[PDB]
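Participant: enclosed are the sequence and the experimentally obtained structure.
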Amino acid sequence: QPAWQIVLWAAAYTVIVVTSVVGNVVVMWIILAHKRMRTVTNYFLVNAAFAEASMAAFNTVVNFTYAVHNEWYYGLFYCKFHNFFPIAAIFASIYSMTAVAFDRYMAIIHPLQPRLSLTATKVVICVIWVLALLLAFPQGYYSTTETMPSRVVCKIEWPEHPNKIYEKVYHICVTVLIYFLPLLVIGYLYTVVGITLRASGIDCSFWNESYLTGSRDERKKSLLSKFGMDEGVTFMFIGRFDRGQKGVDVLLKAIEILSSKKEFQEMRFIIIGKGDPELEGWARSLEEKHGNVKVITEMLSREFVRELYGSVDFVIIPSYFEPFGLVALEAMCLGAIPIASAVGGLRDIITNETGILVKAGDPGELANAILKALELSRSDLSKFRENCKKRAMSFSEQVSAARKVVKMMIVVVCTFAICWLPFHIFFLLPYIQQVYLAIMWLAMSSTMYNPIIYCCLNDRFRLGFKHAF
Ligand SMILES: COc1ccccc1CN[C@H]1CCCN[C@H]1c1ccccc1
């Protein structure tokens, strides 16, 4: 009632309206007016910016004036729209955000499967609006004006079941539809995406040949000399010794296959890891049987492992199961040429020009690939390693870009959950008007935040905001 409190709240609500409409209109201009930005995700973001700007301009003002002044001035039609639009707007924006999380989950988890096209995005947006308006419809249908003694009032006359069941059913249905369900769906999608991205995911500032000394030839000769071997084509395995997973058993079977051939004299093997005692005794058994095989079961520093990746000719990764194949990125960044099973992330990282791929679990195919690598070592291998280094670096810039965007969207959804929790708890409480003023300001402030999040956490949006201003 104090006029300053009223001027305070008038200034705050006007700040919400101007920041939300300016920022969201700027976002729609940024995505639509610039050709490169017309992606599927950005179309859904335009829908959310359209809904948030619309609800700000058409509802924040009247919610403030009618809340403080306790008098309806805008007629029956706008009483219905005032109680109707905000549900549909929240539905359109939050389910546009669900479309964004779903699109990233598709692009990351099943890249080969087709995402829907731009015009298909427009159809999905129209379906989003249909479901939004039809969910919001019952409330706008039951709003009405009561002309009365001192004032006109805008009230929702829910059907007169004495237990107030129909009203409570509608409110729980809306809250589930536009808060809990979308937050759970988006939470599963971005949790899957975030775990697989963080685990993907190599420190390129460390796994880098620049910290190695000398030519690769000098390093290979010094390394083999330290193991008691003389120069040869050098293969390395590093990983846990186990059965049915990291494939050291397939490599040992392949080593026994090569051991009877004359080409085996020209090969060197360095098997590194710890695990099954039988695989350890088998690898050690191969180590005493052949002078070109060396086994290291003790733990090594990562600086020494980087020394190995930069000295050996090839790294063998015969995994049965390899979700991420980070060891291949470590070898390729250091110029070792991978010979790996076509499983999991290894199939995604390695290409025809950047490694040698084989069927998982087939030792003869692996030995044949090792013989092919020996024949390839005859010719210069520098461009092959260059293609491997370029591939490992470019794959990491990808994963970094995806982690940056997905972190931004997580901030968007988090802002949504924070802004809407007090509101939904307030209206579902019945089943303190200063508290209503605060909760209403916080709930309707969410419309101004998305343009700020895009400007701060996304370089493309930052360039577009500096272009407009
Ligand atoms: C900003 O305003 C809104 C924002 C989101 C949803 C709904 C509204 C308006 N609806 C409120 C207002 C009074 C009538 N019902 C209420 C209600 C409360 C909770 C679920 C569903 C409805």
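Facilitator: Everything's here; your move. Residues are numbered from 1 along each chain as shown.

Participant: which residues touch residue 55?
Facilitator: Contact analysis of residue 55 by C-beta atoms under 8 Å, 6 or more residues apart in numbering lists 85-86, 89-90, 444, 447. C-beta: built from backbone N, CA, C; applies to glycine.

Participant: restrict these to those near the ligand?
Facilitator: Residues of those in contact with the ligand (C-beta under 6 Å from any ligand atom): 86, 90.

Participant: for the residue nearest to residue 292 when sequence neighbours are not counted, what is the enclosing helix or strand?
Facilitator: Excluding its sequence neighbours, the residue lying closest to residue 292 (C-beta to C-beta, 6 or more residues apart in numbering) is residue 268, at 5.1 Å. Using DSSP states H and E, residue 268 sits in strand 267-272.

Participant: partner strands of that strand, parallel or antiparallel?
Facilitator: Sheet pairing here is set by DSSP bridges, and for strand 267-272 it gives strand 233-238 (parallel), strand 293-296 (parallel).

Participant: including distance to residue 343 and mean neighbour count, could those go into CSV?
Facilitator: What follows is those, written out as CSV (distance: least, C-beta to C-beta, whole Å; neighbours: other C-beta atoms under 10 Å):
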stretch, distance to residue 343, mean neighbour count
strand 233-238, 16, 24
strand 293-296, 24, 21
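
Participant: what's the closest of these to residue 407?
Facilitator: Residue 407 lies closest to strand 233-238 among those, at 31.0 Å (C-beta to C-beta).

Participant: and of the contacts of residue 55, the nearest to residue 186?
Facilitator: Checking the contacts of residue 55 against residue 186 by C-beta to C-beta gives residue 90 as the nearest, at 14.0 Å.

Participant: mind listing residues that contact the strand holding residue 268?
Facilitator: Contacts of strand 267-272 (C-beta under 8 Å, 6+ apart): 224, 227, 229, 232-239, 248, 251-252, 255, 258, 283, 286, 292-296, 300, 305, 308, 312, 370, 374.

Participant: please apply the same query to stretch 215-226.
Facilitator: 212-213, 230-232, 234, 268, 307-308, 310-313, 335.

Participant: in helices only, show me those residues.
Facilitator: 307-308 (DSSP state H).

Participant: what's the next secondary structure element after the longest helix belonging to the chain?
Facilitator: In the chain, with assignment by DSSP H, the single longest helix is helix 382-428. Once the chain leaves helix 382-428, the next helix or strand it forms, by DSSP H and E, is helix 433-444.

Participant: circling back: tell me how many other residues crowd the residue nearest to residue 292.
Facilitator: When neighbours are defined as other C-beta atoms under 10 Å, residue 268 has 22 of them.

Participant: what bridges to it?
Facilitator: Residue 268 has these beta-bridge partners by DSSP bridges: residue 234.

Participant: where's it relative to the ligand, distance?
Facilitator: Plainly put, residue 268 is 69 Å away from the ligand if you go by C-beta to the nearest ligand atom, to the nearest Å.

Participant: can you tell me the SS state at residue 379?
Facilitator: Following DSSP: H, G, I helix; E, B strand; the rest coil, we place residue 379 in the coil state.

Participant: show me which residues of the stretch 51-200 of the chain sit near the ligand.
Facilitator: Within reach of the ligand by C-beta under 6 Å from any ligand atom, the stretch 51-200 of the chain has these residues: 83, 86-87, 90, 139, 156, 171, 174-175.

Participant: out of these, list just those in helices.
Facilitator: In helices, judged by DSSP H, the following of these are found: 83, 86-87, 90, 139, 171, 174-175.

Participant: re the thing from before, would you mind giving the contacts of residue 55 as a markdown table with neighbour count added?
Facilitator: Listed next are those as a markdown table, based on neighbours: other C-beta atoms under 10 Å:
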| residue | neighbour count |
| --- | --- |
| 85 | 21 |
| 86 | 23 |
| 89 | 26 |
| 90 | 27 |
| 444 | 23 |
| 447 | 30 |
